[PDB]
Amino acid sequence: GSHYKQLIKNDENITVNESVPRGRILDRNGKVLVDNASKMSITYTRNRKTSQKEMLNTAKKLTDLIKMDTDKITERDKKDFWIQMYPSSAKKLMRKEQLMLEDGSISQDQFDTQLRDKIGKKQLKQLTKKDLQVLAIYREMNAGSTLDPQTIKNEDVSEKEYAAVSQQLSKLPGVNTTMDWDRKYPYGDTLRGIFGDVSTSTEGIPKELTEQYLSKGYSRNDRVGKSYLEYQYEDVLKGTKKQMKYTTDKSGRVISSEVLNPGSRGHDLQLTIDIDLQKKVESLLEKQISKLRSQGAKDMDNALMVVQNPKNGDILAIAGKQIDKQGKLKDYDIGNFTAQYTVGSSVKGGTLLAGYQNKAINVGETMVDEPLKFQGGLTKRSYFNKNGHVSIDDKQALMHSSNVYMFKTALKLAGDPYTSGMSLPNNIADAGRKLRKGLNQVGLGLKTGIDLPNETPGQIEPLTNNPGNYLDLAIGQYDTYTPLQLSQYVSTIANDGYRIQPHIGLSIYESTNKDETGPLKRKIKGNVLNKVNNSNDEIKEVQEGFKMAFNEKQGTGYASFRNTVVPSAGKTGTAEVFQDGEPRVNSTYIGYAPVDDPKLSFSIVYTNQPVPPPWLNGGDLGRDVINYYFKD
């Protein structure tokens, strides 16, 4: 599959370069996810004056070396072909018309049309199985002349057919055989969007990516990584090409050969993905989408889940689907870091940490949850307590998902603690920057740093004199976020305040030999981006609230998470949105397990569920992933 692609001259001094095979991509257990497969083609080249009777002889020689699909043969092909495949039949067909042509009373055109109008009935079926074989090669040999090469066979070129034809090129004028490599995907559709694509050789480096690939020393004939993993790890997955140099003189005789570089295959790239976990998640996600639709969520259009190991940032799984009104799924794994959503209450753990670090609230501070009244008549209240007055902890705020605790916390951060009937503070610019700085430190707002292109950090709108938006940011209902951000954030809680870069790459192998990993080259680490600016008591208080949400009778997550095979903890979020001016919610979920020494963390996002008086338990998808992963 070694195409050249360079021949550089100098001192009567050619340097030719030969391409090398691409590195594989394996999962964390070694299972091949992306491989190379060989593809052969049989090609012809049509000359200035190669006859119609010559190509009919080269084709007949070929039907003994290859088998041919007899599609593509039009009836004009069969009709035309039948004329040579019995001249004295066609001469019996045009008895009269031949004399008119000889008298010059009809032209060759008229004659031709009249003959090709003159059979299709019983005596077109005169074409044997082998005749159609030579016609299927003939039809491809007249595609569009000049030295451009038409392909005869592309798919199902067997190696037997490839060897037979290659060793007969001396008896087959214009016939040629090529060999080329394509990516092969043992697991089908799974993660194809994360894996990405290489250019198709006919493509070369794509126009949009060019100049960038040329500033590194590559050629426009080269095949290169176009998107996502193939692009990100392009220069570890590409080989070192075989570079030959020759020294020649007078008319062309080489007087010295010198192998500049023998070549090496690309390095194998091993990912953090566990493809068995990945398939199990995709299976549960599909069943959960279908169950939620059966319970009324037939406008829900996105469902995304990220599964991480919070101690090192490893992405163990990453799945997303888009859902049309009929339940049909379109794969969208990349939505976890390229798409942003209003996530609602699940951010409140970050809000509390921002409150503590600016001394706006104390660990364990109790406040009264109740409807708040602001100037002119604007009210704000917590879902669990629309009509009453309850004194609650910060960890009971997380358990209940108290809006009003976070509102009071944000006004304290704004230097304007709540009093009934107050007017909202006029300039919240400084409070807004302080609240975002707190959320940034757990991954809410900045790019997480994933080793894939196109990560978005979410839509971040100005906070100057819009205190209503500012209070909303404290409950996840202003700036938007990616599921990976949600996941980085809950992982920072799970691992005691260390915000780690998520990564899907895990290691790079100095692969030399076919189908053998070879020694380890380099590791791909989830680096620590920062530690949260909070004490150990402060982090443990959010952790305690998260455990209470999943395990106390009144936690919003009690229904889905109280019975996990190991103890789990996390936070739910619900945000009121609109679609085509109809009311909807987004539902989010974050969590980790086991509580005591977390080894797995996750985020889940559903968009445009029905507004709940019936509360759907889409968190069950998280309960099921936890239960599967800790089966043994």
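Start at 1 with the first residue shown and count on from there.
K.L.:
Which is higher on mean Cα B factor in this entry, 452 to 460 or 217 to 225?
P.N.:
Comparing 217 to 225 with 452 to 460, the higher average CA B-factor belongs to 217 to 225.
K.L.:
Comparing average C-alpha B factors as deposited, tell me which of 401 to 409 and 243 to 251 sits higher.
P.N.:
That would be 243 to 251.
K.L.:
With respect to the C-alpha temperature factors reported in the PDB entry, which of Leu127, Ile273, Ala559, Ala414 ranks highest?
P.N.:
The listed residue with the largest C-alpha B-factor is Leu127.
K.L.:
Could you say which of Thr58, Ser603, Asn586, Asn563 has its CA atom at the highest B factor, as listed in the PDB entry?
P.N.:
Highest C-alpha B-factor among the listed options: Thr58.
K.L.:
Quick check for you: using the entry's CA B-factors within this chain, is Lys9 in the lowest, middle or highest third?
P.N.:
It falls in the top third of the chain.
K.L.:
Give the position of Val16 by CA B-factor within its chain, expressed as the lowest, middle or highest third.
P.N.:
Answer is highest: the recorded C-alpha B-factor places it there.
K.L.:
Which third of the chain holds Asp369 when residues are ordered by C-alpha B factor: lowest, middle or highest?
P.N.:
Ranked within chain, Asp369 CA B lands in the lowest tercile.
K.L.:
Could you look up the Cα B-factor of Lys571 in the entry and say which third of the chain it sits in: lowest, middle or highest?
P.N.:
Tercile = lowest for this residue's CA B-factor.
K.L.:
Please place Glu544 in the lowest, middle or highest third of its chain according to the CA B-factor in the PDB entry.
P.N.:
Tercile = lowest for this residue's CA B-factor.
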